[PDB]
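Trainee: Got a structure for you, questions after.
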Amino acid sequence: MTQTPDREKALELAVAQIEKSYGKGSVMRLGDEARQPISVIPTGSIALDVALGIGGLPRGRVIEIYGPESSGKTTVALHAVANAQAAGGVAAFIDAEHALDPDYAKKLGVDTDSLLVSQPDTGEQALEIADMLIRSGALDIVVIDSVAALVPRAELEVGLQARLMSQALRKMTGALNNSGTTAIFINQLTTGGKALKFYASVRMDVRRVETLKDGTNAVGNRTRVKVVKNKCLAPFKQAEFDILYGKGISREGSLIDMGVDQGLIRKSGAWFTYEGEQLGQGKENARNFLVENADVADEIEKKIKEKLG
Ligand SMILES: Nc1ncnc2c1ncn2[C@H]1C[C@H](O)[C@@H](COP(=O)(O)OP(=O)(O)OP(=O)(O)O)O1
């Protein structure tokens, strides 16, 4: 063929139909401008929020946060919870690991007192209780800690967990689209993950990069999240942030990094300057600066969201 102009129109149609038959996000161009939804649960890391393209987690979708032991998964999830609550939303936690430490959760901004916690007796029950809560249309965000831990009733008394997820997720997936409840599934390191991989609209890969140090010992860790699946925005985008031991995700920390990576914060050797005055000498001070000077911190957050979306 020798075509050229009529191609960008035929393709356009193709896409358009693919879009309508299988839903928005069925095909995209990695370079495409992300759609901008109304509601979205911020993750608490401006970087991860943009890597997600929509500023936060989508609603009414199943999210999957997988990765190895102590990567930041539960942290990231607990944050998405602390934000859903901040907006006056109610959350639930389906515990099948019995490892949730509220003291920490509270420090992140979680209204632990109002947190609906469940601890099922079988993997089926877990999803059932999940579904039932979901359908009430009262929940905003539901976190199910560990897919690996939802053992079927049978085993508790041959690919059972696989079938279990499949069915469970088939049913649950519809109720979510109609309730606007986003559900997060934590995954270790794949059992029933085989299907979750497909039902999931967003799939994040969290891994621990470096053990953040500063003179003394490791006061935190540098986490790297990679969205390997994103049906709401072009996928394959990654982000890095710091989780300080006991503190969680350093918000300001992202403000700085994301700040300089957008020309909003100058770096003149150890010094972090922001449109005139100085923030501090050394990322930590800069960090500390923003944490006690919330006002400006918010200013920087606002300006990056104004510069991208
Ligand atoms: N109660 C706590 N107090 C202080 N730091 C904590 C606490 N819980 C977790 N962390 C810190 C230490 C770890 O480096 C980091 C782990 O994040 P986390 O979200 O708990 O990872 P994860 O959920 O992927 O792994 P895990 O399998 O251990 O549950 O957070």
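Identifiers in the structure tokens: chain A, B, ... in order shown; residue index from 1 per chain; ligand index from 1 in order shown.
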As a quick test: using only C-alpha atoms and all ligand atoms, which residues lie no more than 6 Å away from ligand 1? Give them as a PDB file with N, CA, C and O atoms, in the first residue's frame.
Mentor:
ATOM      1  N   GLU A  69       8.312  -9.480  50.653  1.00  0.00           N
ATOM      2  CA  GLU A  69       8.168  -9.192  52.076  1.00  0.00           C
ATOM      3  C   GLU A  69       8.743  -7.819  52.400  1.00  0.00           C
ATOM      4  O   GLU A  69       9.779  -7.425  51.869  1.00  0.00           O
ATOM      5  N   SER A  70       8.054  -7.105  53.281  1.00  0.00           N
ATOM      6  CA  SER A  70       8.451  -5.768  53.708  1.00  0.00           C
ATOM      7  C   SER A  70       8.987  -4.886  52.580  1.00  0.00           C
ATOM      8  O   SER A  70      10.177  -4.567  52.538  1.00  0.00           O
ATOM      9  N   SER A  71       8.094  -4.497  51.669  1.00  0.00           N
ATOM     10  CA  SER A  71       8.455  -3.638  50.541  1.00  0.00           C
ATOM     11  C   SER A  71       7.803  -2.280  50.715  1.00  0.00           C
ATOM     12  O   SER A  71       8.389  -1.256  50.389  1.00  0.00           O
ATOM     13  N   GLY A  72       6.585  -2.283  51.241  1.00  0.00           N
ATOM     14  CA  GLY A  72       5.855  -1.046  51.462  1.00  0.00           C
ATOM     15  C   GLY A  72       4.400  -1.245  51.100  1.00  0.00           C
ATOM     16  O   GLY A  72       3.567  -0.351  51.242  1.00  0.00           O
ATOM     17  N   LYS A  73       4.093  -2.447  50.635  1.00  0.00           N
ATOM     18  CA  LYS A  73       2.743  -2.767  50.230  1.00  0.00           C
ATOM     19  C   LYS A  73       1.708  -2.327  51.250  1.00  0.00           C
ATOM     20  O   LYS A  73       0.956  -1.396  50.996  1.00  0.00           O
ATOM     21  N   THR A  74       1.681  -2.967  52.411  1.00  0.00           N
ATOM     22  CA  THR A  74       0.704  -2.598  53.433  1.00  0.00           C
ATOM     23  C   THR A  74       0.725  -1.107  53.767  1.00  0.00           C
ATOM     24  O   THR A  74      -0.308  -0.523  54.079  1.00  0.00           O
ATOM     25  N   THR A  75       1.901  -0.496  53.698  1.00  0.00           N
ATOM     26  CA  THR A  75       2.031   0.925  53.980  1.00  0.00           C
ATOM     27  C   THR A  75       1.235   1.696  52.932  1.00  0.00           C
ATOM     28  O   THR A  75       0.323   2.454  53.265  1.00  0.00           O
ATOM     29  N   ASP A 101      -0.504  -3.527  62.590  1.00  0.00           N
ATOM     30  CA  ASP A 101      -0.152  -2.805  63.816  1.00  0.00           C
ATOM     31  C   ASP A 101      -0.778  -1.403  63.830  1.00  0.00           C
ATOM     32  O   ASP A 101      -0.219  -0.446  63.293  1.00  0.00           O
ATOM     33  N   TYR A 104       1.077   2.006  64.331  1.00  0.00           N
ATOM     34  CA  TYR A 104       1.712   2.492  63.111  1.00  0.00           C
ATOM     35  C   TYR A 104       0.639   3.089  62.206  1.00  0.00           C
ATOM     36  O   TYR A 104       0.758   4.217  61.732  1.00  0.00           O
ATOM     37  N   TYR A 245      10.855   4.731  58.807  1.00  0.00           N
ATOM     38  CA  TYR A 245      10.474   3.797  59.854  1.00  0.00           C
ATOM     39  C   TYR A 245       9.590   4.500  60.876  1.00  0.00           C
ATOM     40  O   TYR A 245       9.960   5.528  61.436  1.00  0.00           O
ATOM     41  N   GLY A 246       8.405   3.951  61.087  1.00  0.00           N
ATOM     42  CA  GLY A 246       7.493   4.523  62.054  1.00  0.00           C
ATOM     43  C   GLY A 246       6.652   5.666  61.539  1.00  0.00           C
ATOM     44  O   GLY A 246       5.584   5.943  62.088  1.00  0.00           O
TER      45      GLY A 246
END
Trainee: Within 12 Å of residue 152 in chain A, counting only C-alpha atoms, which residues qualify if same-chain residues fewer than 3 places away don't, as number ranges by chain?
Mentor: A: 120-127, 147-149, 155-165, 168, 191-192
Trainee: Considering only C-alpha atoms, return as an MDAnalysis selection string whatever protein or nucleic-acid residues lie within 10 Å of residue 278 in chain A, sequence-local ones (same chain, fewer than 6 positions apart) excluded.
Mentor: chainID A and resid 265:267 271:272 286 289
Trainee: Restricted to N, CA, C and O atoms, what would the selected residues look like written as a tab-separated table (two decimals), in the first residue's frame?
Mentor:
chain	number	residue	atom	x	y	z
A	265	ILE	N	11.87	23.73	42.13
A	265	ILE	CA	12.79	23.81	43.26
A	265	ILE	C	14.22	23.77	42.74
A	265	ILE	O	14.63	22.81	42.07
A	266	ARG	N	14.98	24.81	43.05
A	266	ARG	CA	16.36	24.90	42.60
A	266	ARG	C	17.31	24.14	43.52
A	266	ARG	O	17.07	24.04	44.72
A	267	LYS	N	18.38	23.62	42.93
A	267	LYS	CA	19.39	22.88	43.68
A	267	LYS	C	20.75	23.46	43.34
A	267	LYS	O	21.31	23.16	42.28
A	271	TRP	N	22.10	22.87	48.67
A	271	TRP	CA	21.00	23.78	48.96
A	271	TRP	C	19.76	23.54	48.12
A	271	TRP	O	19.84	23.26	46.92
A	272	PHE	N	18.61	23.65	48.78
A	272	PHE	CA	17.32	23.49	48.12
A	272	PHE	C	16.62	24.83	48.23
A	272	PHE	O	16.18	25.22	49.32
A	286	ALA	N	15.65	20.13	54.12
A	286	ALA	CA	14.62	20.56	53.18
A	286	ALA	C	13.35	19.84	53.61
A	286	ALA	O	12.28	20.45	53.72
A	289	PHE	N	12.08	21.20	56.74
A	289	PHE	CA	11.54	22.53	56.47
A	289	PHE	C	10.06	22.47	56.10
A	289	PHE	O	9.22	23.10	56.74
Trainee: Could you tell me which of A:256, A:39, A:113, A:239 comes closest to residue 140 in chain A if we count only C-alpha atoms?
Mentor: A:39
Trainee: Residues near residue 144 in chain A, anyone? I mean within 9 Å using only C-alpha atoms, not counting same-chain ones fewer than 4 positions away, as JSON, numbers by chain.
Mentor: {"A": [92, 93, 94, 95, 96, 126, 127, 130, 183, 184, 185, 186]}
Trainee: Would you export the selected residues with N, CA, C and O atoms as a tab-separated table (two decimals), in the first residue's frame, please?
Mentor:
chain	number	residue	atom	x	y	z
A	92	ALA	N	-12.61	-0.70	55.23
A	92	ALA	CA	-12.63	-2.01	55.86
A	92	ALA	C	-11.32	-2.75	55.59
A	92	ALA	O	-10.68	-2.55	54.57
A	93	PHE	N	-10.94	-3.63	56.51
A	93	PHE	CA	-9.70	-4.39	56.41
A	93	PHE	C	-9.96	-5.88	56.62
A	93	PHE	O	-10.28	-6.29	57.72
A	94	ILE	N	-9.82	-6.68	55.57
A	94	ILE	CA	-10.04	-8.12	55.70
A	94	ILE	C	-8.69	-8.77	56.04
A	94	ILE	O	-7.88	-9.05	55.16
A	95	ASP	N	-8.49	-9.01	57.33
A	95	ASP	CA	-7.27	-9.58	57.88
A	95	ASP	C	-7.21	-11.12	57.88
A	95	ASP	O	-8.01	-11.79	58.52
A	96	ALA	N	-6.24	-11.66	57.15
A	96	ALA	CA	-6.07	-13.10	57.09
A	96	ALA	C	-4.61	-13.41	57.40
A	96	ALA	O	-4.13	-14.52	57.18
A	126	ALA	N	-13.83	-14.73	53.65
A	126	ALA	CA	-13.14	-13.47	53.45
A	126	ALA	C	-13.75	-12.65	52.32
A	126	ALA	O	-14.12	-11.49	52.50
A	127	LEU	N	-13.84	-13.26	51.14
A	127	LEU	CA	-14.39	-12.59	49.97
A	127	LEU	C	-15.89	-12.33	50.12
A	127	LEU	O	-16.39	-11.30	49.65
A	130	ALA	N	-16.42	-9.55	52.19
A	130	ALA	CA	-15.95	-8.42	51.39
A	130	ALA	C	-17.09	-7.98	50.51
A	130	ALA	O	-17.49	-6.82	50.53
A	183	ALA	N	-11.19	-1.69	45.73
A	183	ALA	CA	-10.68	-2.72	46.62
A	183	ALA	C	-9.22	-2.99	46.31
A	183	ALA	O	-8.83	-3.11	45.15
A	184	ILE	N	-8.40	-3.06	47.36
A	184	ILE	CA	-6.98	-3.33	47.23
A	184	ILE	C	-6.72	-4.75	47.70
A	184	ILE	O	-7.22	-5.15	48.74
A	185	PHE	N	-5.96	-5.50	46.91
A	185	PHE	CA	-5.61	-6.87	47.26
A	185	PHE	C	-4.11	-6.88	47.45
A	185	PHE	O	-3.37	-6.51	46.55
A	186	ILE	N	-3.64	-7.28	48.63
A	186	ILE	CA	-2.21	-7.33	48.85
A	186	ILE	C	-1.73	-8.71	48.45
A	186	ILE	O	-2.38	-9.71	48.74
Trainee: So how far away is CA of residue 40 in chain A from CA of residue 145 in chain A, in Å?
Mentor: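 Here the two named atoms are 21.2 Å from each other.
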Trainee: Out of A:44, A:200, A:80, A:177, which residue has the shortest atom-to-atom distance to residue 249 in chain A when counting only C-alpha atoms?
Mentor: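 Once distances to residue 249 in chain A are computed over only C-alpha atoms, the minimum belongs to A:44.
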Trainee: What is the distance, in Å and to one decimal place, between CA of residue 62 in chain A and CA of residue 252 in chain A?
Mentor: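 CA of residue 252 in chain A lies 28.2 Å from CA of residue 62 in chain A.
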Trainee: Nearest residue to residue 141 in chain A out of A:67, A:116, A:216, A:255, using only C-alpha atoms?
Mentor: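 Among the listed residues, A:116 lies closest to residue 141 in chain A.
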Trainee: For the alpha helix (DSSP H) assignment from backbone DSSP, which residues of range 166-205 of chain A qualify? Please present them as a VMD selection string.
Mentor: chain A and resid 166 to 179 193 to 199
Trainee: Please dump the current selection as a short mmCIF file (atom, residue, chain, number, x, y, z; two decimals), in the first residue's frame; keep N, CA, C and O atoms.
Mentor:
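Dumped to again29.cif:
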data_model
loop_
_atom_site.label_atom_id
_atom_site.label_comp_id
_atom_site.auth_asym_id
_atom_site.auth_seq_id
_atom_site.Cartn_x
_atom_site.Cartn_y
_atom_site.Cartn_z
N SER A 166 -11.13 -16.60 41.12
CA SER A 166 -11.88 -16.46 39.88
C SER A 166 -13.33 -16.12 40.16
O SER A 166 -13.78 -15.01 39.87
N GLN A 167 -14.06 -17.08 40.71
CA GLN A 167 -15.47 -16.86 41.03
C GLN A 167 -15.67 -15.59 41.85
O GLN A 167 -16.37 -14.67 41.43
N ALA A 168 -15.03 -15.57 43.01
CA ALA A 168 -15.13 -14.44 43.92
C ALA A 168 -14.97 -13.12 43.19
O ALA A 168 -15.80 -12.22 43.32
N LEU A 169 -13.90 -13.02 42.41
CA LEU A 169 -13.59 -11.80 41.68
C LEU A 169 -14.60 -11.47 40.58
O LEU A 169 -14.77 -10.30 40.24
N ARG A 170 -15.26 -12.49 40.04
CA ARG A 170 -16.25 -12.30 38.97
C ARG A 170 -17.44 -11.52 39.52
O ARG A 170 -17.88 -10.51 38.95
N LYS A 171 -17.94 -12.02 40.65
CA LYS A 171 -19.07 -11.47 41.38
C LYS A 171 -18.72 -10.08 41.90
O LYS A 171 -19.36 -9.08 41.57
N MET A 172 -17.69 -10.04 42.73
CA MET A 172 -17.19 -8.83 43.37
C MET A 172 -16.89 -7.67 42.41
O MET A 172 -17.09 -6.50 42.74
N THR A 173 -16.41 -8.01 41.22
CA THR A 173 -16.03 -7.01 40.24
C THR A 173 -17.19 -6.12 39.78
O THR A 173 -17.01 -4.94 39.51
N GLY A 174 -18.39 -6.70 39.71
CA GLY A 174 -19.55 -5.92 39.30
C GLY A 174 -20.02 -4.98 40.39
O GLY A 174 -20.24 -3.79 40.15
N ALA A 175 -20.17 -5.51 41.60
CA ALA A 175 -20.61 -4.71 42.74
C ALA A 175 -19.71 -3.49 42.92
O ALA A 175 -20.17 -2.45 43.37
N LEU A 176 -18.44 -3.62 42.57
CA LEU A 176 -17.54 -2.49 42.72
C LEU A 176 -17.87 -1.38 41.73
O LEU A 176 -17.94 -0.20 42.11
N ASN A 177 -18.06 -1.75 40.48
CA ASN A 177 -18.37 -0.76 39.45
C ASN A 177 -19.65 -0.01 39.79
O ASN A 177 -19.82 1.14 39.38
N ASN A 178 -20.53 -0.63 40.56
CA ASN A 178 -21.80 0.01 40.92
C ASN A 178 -21.80 0.71 42.27
O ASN A 178 -22.74 1.42 42.61
N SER A 179 -20.73 0.52 43.04
CA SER A 179 -20.63 1.13 44.36
C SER A 179 -19.55 2.20 44.39
O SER A 179 -19.54 3.06 45.27
N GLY A 193 -3.37 -15.46 42.40
CA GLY A 193 -3.02 -14.22 41.72
C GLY A 193 -3.18 -14.31 40.22
O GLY A 193 -3.20 -13.29 39.53
N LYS A 194 -3.28 -15.54 39.71
CA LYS A 194 -3.45 -15.79 38.28
C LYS A 194 -4.59 -14.97 37.67
O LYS A 194 -4.43 -14.36 36.62
N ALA A 195 -5.74 -14.96 38.34
CA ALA A 195 -6.91 -14.23 37.85
C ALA A 195 -6.89 -12.78 38.29
O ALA A 195 -7.20 -11.89 37.51
N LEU A 196 -6.55 -12.55 39.55
CA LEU A 196 -6.49 -11.19 40.08
C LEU A 196 -5.72 -10.34 39.09
O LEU A 196 -6.04 -9.17 38.86
N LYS A 197 -4.71 -10.94 38.48
CA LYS A 197 -3.88 -10.27 37.50
C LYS A 197 -4.74 -9.73 36.36
O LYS A 197 -4.47 -8.66 35.82
N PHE A 198 -5.78 -10.47 35.99
CA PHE A 198 -6.67 -10.09 34.91
C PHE A 198 -7.83 -9.17 35.29
O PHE A 198 -8.21 -8.29 34.52
N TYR A 199 -8.40 -9.37 36.47
CA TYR A 199 -9.52 -8.54 36.90
C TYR A 199 -9.02 -7.17 37.32
O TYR A 199 -9.71 -6.16 37.17
#
Trainee: Which polymer residues have any atom within 7 Å of an atom of range 46-53 of chain A, counting only C-alpha atoms, with same-chain residues fewer than 6 positions away left out, as a PyMOL selection string?
Mentor: chain A and resi 34+233+237-240+254-255+258
Trainee: Rounded to one decimal in Å, what is the spacing between CA of residue 117 in chain A and CA of residue 205 in chain A?
Mentor: 25.2 Å
Trainee: Given the choices A:297, A:38, A:65, A:86, which gets closest to residue 204 in chain A if the distance is worked out from only C-alpha atoms?
Mentor: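 Of A:297, A:38, A:65, A:86, the one nearest residue 204 in chain A is A:65, counting only C-alpha atoms.
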Trainee: Would you mind telling me which residue in A:182, A:21, A:112, A:262 lies nearest to residue 300 in chain A when using only C-alpha atoms?
Mentor: A:262
Trainee: Write out as a ChimeraX atom specification the set of residues from range 145-238 of chain A that DSSP, computed on the backbone, places in strand (DSSP E or B).
Mentor: /A:145,182-187,202-210,213,218,220-230,237-238
Trainee: Between A:275, A:77, A:98, A:106, which has the minimum distance to residue 143 in chain A (counting only C-alpha atoms)?
Mentor: A:77
